[PDB]
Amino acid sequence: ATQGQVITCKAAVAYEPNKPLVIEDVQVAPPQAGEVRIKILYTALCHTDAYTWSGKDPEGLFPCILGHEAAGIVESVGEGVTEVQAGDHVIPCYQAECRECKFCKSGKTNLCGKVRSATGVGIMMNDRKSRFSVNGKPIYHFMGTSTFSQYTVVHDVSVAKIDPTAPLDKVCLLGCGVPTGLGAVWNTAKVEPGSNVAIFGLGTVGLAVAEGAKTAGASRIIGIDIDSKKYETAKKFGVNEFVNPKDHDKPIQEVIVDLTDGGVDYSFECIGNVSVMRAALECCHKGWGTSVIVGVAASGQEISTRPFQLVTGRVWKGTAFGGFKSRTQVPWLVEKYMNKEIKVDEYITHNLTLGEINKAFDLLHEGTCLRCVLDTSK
């Protein structure tokens, strides 16, 4: 019986950047109007969590509870919440879908600005305060989700209600990395059957691009990485050719153009390296090739090219959460998963507990790690 009451539970707190996370007993306040309190059962670590932890984000607010890929069960809801109720199985999402703002109503984008003025600064809309504290001191939320915790509080416009038979230690991946890569292909690029595709970076997101391209009927799916072992792992996701830039004196974009007689029809940058973003554009075919930025670059870094690349017909764009509408389409992706129409399981290479989260951070520097999933019960 926890409705209307503070909950005390375990969470990993980041007190300062580039230092080990601390497991604490934190207090989680009840949900206010338009809010959902969620019992988080499984959560995965994403490089975006490490971006802010590693001090690379000048907007980083500390102390905070990181985490944004997760799945769990609603414990209670606040005033006026009707789309979910206690007991529902849910995926909290960094990308909200309010269906009422200028962006939601435009029909032109999947962005939503309803709760950005709070979630971007680690607080809640209804009272401009945080629902987390430890030893009497408030803690910042992160990305509107804060899932490295046994319980979190999120805005209702960011909660997807999913099939209650779907295994929660698998579908936690569908809150970020996998939909970002799939939708880069299906929504942003709109890749046609028979297309030639290049994928720069063969981590989780690049492998989901490969799956999206394979599902859509692409012909050549060329992976580019400096770690050739990543190619062996990538084969089951659809990568069917590989180039290591270190094997060639010519710049990688020229090697790709030579290999495809002119360049690829689509390219995808999945690392967040601006120098690789330039190479990805320049390897696109003259007259029509399109390059999609998928990885998130570090603050202040700029992409560059000579404008004749665009004047002679290449197109530069990018994707946020693969162009998907979270509350409407994340449940559809869970349906497809349950039908064996999209891969999820194969991305999960490690399973740890929340108490071992610092070991999970260490696995981010392991090439064989794609996604580590953490059980929050221990």
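All residue numbers refer to positions in the sequence shown, first residue = 1.
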Of 22-30 and 48-56, the one with larger mean CA B-factor: 48-56
Between the two ranges 232-240 and 81-89, the one averaging a larger CA B factor in the entry: 81-89
Residue with highest C-alpha B-factor in the PDB entry, from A118, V255, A298, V205: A298
Top Cα B factor in the deposited entry, candidates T319, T349, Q329, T312: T349
Third of the chain, ranked by Cα B-factor, where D227 sits: highest
Within-chain third of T188 by Cα B-factor, per the entry: lowest
Modelled-residue ranking by C-alpha temperature factor, third containing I38: lowest
Among modelled residues of the same chain, the CA temperature factor third for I65: middle
B-factor third for the C-alpha atom of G287 within its chain: lowest
